[PDB]
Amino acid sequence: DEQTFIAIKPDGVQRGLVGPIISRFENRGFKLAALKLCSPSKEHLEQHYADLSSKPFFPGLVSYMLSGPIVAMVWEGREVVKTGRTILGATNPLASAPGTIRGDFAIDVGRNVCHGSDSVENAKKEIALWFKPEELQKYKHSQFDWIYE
């Protein structure tokens, strides 16, 4: 099935939200295909945020993204990239509904605790960048037929 990349940013990790963020995705029926705590290099984060190299916040973003470890995840399921964006809430948490991750945990756009892919095609690009193919796990979910038709 469809895959998406979710990262918990350094604020999400330092504020003790790894478990609740993973729960909201487990509880929904999505399957965890990859998971790691990493400290990525600035090259790696410049590639990840390449489409923002242009902008004027990009050096602030990169340097904050360097400021502690990150949890990189792949989640798998029907329409998981789009349903991921709904679970995380609006990029700006002040614009996010309660019951979303940013709606329950975040205030500032620059401490929005989580990153998610904005498309299927950008997800494949982010998964290939953060994970070697061997880190992707191939298993069937114990409750696949209770979750899907």
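One rule holds for the numbers: they count along the sequence shown, beginning at 1.
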Per the PDB entry, mean CA B-factor is higher for 23-31 or 60-68, namely for 60-68
If you average the CA temperature factors as listed in the entry, which stretch comes out higher, 44-52 or 110-118? 44-52
According to the PDB entry, is the CA B factor of residue 140 in the bottom, middle or top third of its chain, that is, lowest, middle or highest? middle
Please place residue 96 in the lowest, middle or highest third of its chain by C-alpha B factor as given in the entry. highest
Quick one: classify residue 123 as lowest, middle or highest third of the chain based on its Cα B-factor. highest
